[PDB]
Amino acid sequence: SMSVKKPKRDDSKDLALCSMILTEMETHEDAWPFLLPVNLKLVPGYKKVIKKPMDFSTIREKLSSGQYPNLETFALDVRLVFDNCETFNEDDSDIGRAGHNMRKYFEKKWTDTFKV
């Protein structure tokens, strides 16, 4: 509360670490469904069903221009990619299984990096 400060973690490395984690995402072999925005004019239903589209390149752009206030908001956008993926794709599909794989990869890097 006012004048009652909780100890807070050093966050000066956060931007560098999120960038590294995102680079590992981008270079994973199953990252191809998520490297670029879903083409809303070639994929039927996507714009109507998916209210907040998100992809790695957009996350990279936002990270490079100071649009994430904290690492939490960064993880929110990453999770959004895989949540949109689950919403639209069957679990057995190539894209659908990619998102499960890629989600697990991220959450392990997230834990290993910030909960270490």
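Quick note: we count residues from 1 along the sequence shown, nothing fancier. In this text, rigid core is short for the largest set of C-alphas that superpose within 1.5 Å between two forms.
Trainee: Out of 5-13 and 93-101, which one drifts farther from the shown form in 9 other deposited structures of this protein in terms of CA positions, with the fit done on the rigid core?
Mentor: Greater root mean square C-alpha distance in 9 other deposited structures of this protein: 5-13.
Trainee: If you average the CA temperature factors as listed in the entry, which stretch comes out higher, 51-59 or 87-95?
Mentor: Of 51-59 and 87-95, the stretch with the higher C-alpha B-factor average is 87-95.
Trainee: Would you mind comparing 8-16 and 101-109 for me and telling me which has the higher average C-alpha temperature factor in the entry?
Mentor: Higher of the two, by average CA B-factor, is 8-16.
Trainee: From the list 75, 81, 43, 35, select the residue with the highest C-alpha B factor recorded in the entry.
Mentor: Highest CA B-factor of the listed options: 43.
Trainee: Would you mind ranking residue 67 by its C-alpha B-factor against the rest of the chain and naming the third, lowest, middle or highest?
Mentor: Its C-alpha B-factor belongs to the middle third of this chain's values.
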